[PDB]
Amino acid sequence: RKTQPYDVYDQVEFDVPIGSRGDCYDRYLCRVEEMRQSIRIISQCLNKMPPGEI
Amino acid sequence: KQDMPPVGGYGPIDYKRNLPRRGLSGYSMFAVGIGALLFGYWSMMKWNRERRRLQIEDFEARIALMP
């Protein structure tokens, strides 16, 4: 998502959670932490929508 | 010309993570526990000792009869 583009998707800012060790409990904690970071990409998306065509 | 986004009115909501409320820890506990437990045994020796006194009275009525 930030080594290739999709869309106008470069114009948002967020960080990509990493794990320390290599087990299930620290690939669990990505999924809890990505849900907090998805609220940031929604709240950054309401401010930016240009009116226009579809 | 009827399209969505407002001119203003926003938050946002946080991305944060916090509820570390302490909590009565760290030598406060292990001190209310022992202070409660020693009140228990102090409430013993006033009943278990006293029941042994009435115990001997219960044997007393036996021995004053049976000739």
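Residues numbered from 1 in each chain as written, not as in the entry; some residues may be left out. Chains lettered and ligands numbered in written order. Part of a larger assembly, values for the part shown. Heavy atoms only, no water. Residues with missing side-chain atoms left out of burial classes, pairs and counts.

- Listed as the method for this PDB entry is cryo-EM; the listed resolution is 7.8 Å.

### As for helix α1 (residues 25-43) of chain A
Thought 1: With 19 residues, α1(A) should cover 27 Å at 1.5 Å per step; its first-to-last C-alpha distance of 28 Å lies within 8% of that length.
Thought 2: Taken together, the buried positions of α1(A) are occupied by A:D26, A:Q37 and A:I41. (Helix = DSSP H or I, 4+ residues; strand = E, 2+ residues; numbered from the N terminus. Expected span 1.5 Å × (residues − 1). Buried < 20%, exposed > 50% of the residue type's maximum accessible area, 1.4 Å probe, protein only.)

### Structural notes on a nonpolar patch on the surface
Thought 1: A grouping of B:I34, B:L37, B:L38, B:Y41, B:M44 and B:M45 is seen on the molecular surface, where their side chains present a nonpolar patch of about 640 Å² in accessible area.
Thought 2: Classification of B:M44 by relative accessible area gives partly exposed; the value is 39%. (Patch = residues over 30% accessible without salt bridge, like charges linked within 9 Å, V, L, I, M, F, W, Y side chains within 5 Å. Areas by Shrake-Rupley, 256 points an atom, 1.4 Å probe, with all protein chains shown as cover. Salt bridge = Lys/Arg side-chain N within 4 Å of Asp/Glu carboxyl O.)

### Looking at unusual backbone geometry
Residue and element names in this part refer to chain B.
Thought 1: Residue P12 is reached from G11 by a cis peptide bond, and omega for that bond is -5 degrees.
Thought 2: Counting through the fold element by element, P12 comes out in the segment before α1 (32-43).
Thought 3: With an omega of 5 degrees, the peptide bond running from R22 to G23 counts as cis.
Thought 4: The phi angle at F30 is positive, at roughly 70 degrees, despite the residue not being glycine.
Thought 5: The phi dihedral of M66 falls on the positive side, at around 60 degrees, and the residue is not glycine.
Thought 6: Looking at the element boundaries, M66 is found in the segment after α2 (48-64).
Thought 7: A residue is classified by how much of its surface remains accessible, and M66, at 71% relative accessible area, is exposed.

### Regarding α1(B)
Thought 1: For α1(B), which comprises 12 residues, the first-to-last C-alpha distance of 17 Å matches the rise-based estimate of 16 Å (1.5 Å per residue) to within 8%.
Thought 2: Phi for B:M45, located one or two positions after α1(B), is positive at around 70 degrees.

### Examining the pattern of salt bridges
Residues and elements named next belong to chain A.
Thought 1: Following the criterion strictly, the structure yields three salt bridges over all chains and no others.
Thought 2: One salt bridge in this structure joins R1 and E34, with 3.5 Å as the shortest N-O distance. With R1 in the segment before α1 and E34 in helix α1, this residue pair connects regions lying 33 residues apart in the sequence.
Thought 3: A salt bridge links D26 to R21; the shortest N-O distance between them is 4.0 Å.
Thought 4: According to the relative accessible area criterion, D26 is buried, its value standing at 16%.

### With respect to the UniProt feature "binding site: [4Fe-4S] cluster" in chain A
All names here are of chain A.
Thought 1: Residues annotated by UniProt as "binding site: [4Fe-4S] cluster" correspond here to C24, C30 and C45. For this annotated set, covering 22 residues, the C-alpha atoms extend up to 31.8 Å from each other, a dispersed arrangement in space.
Thought 2: Structurally, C24 is set in the segment before α1.
Thought 3: For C24, a relative accessible area of 55% translates into the label exposed.
Thought 4: Along the chain, the position of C30 falls in helix α1. (UniProt positions renumbered as here; feature names shortened; annotations may be inferred.)

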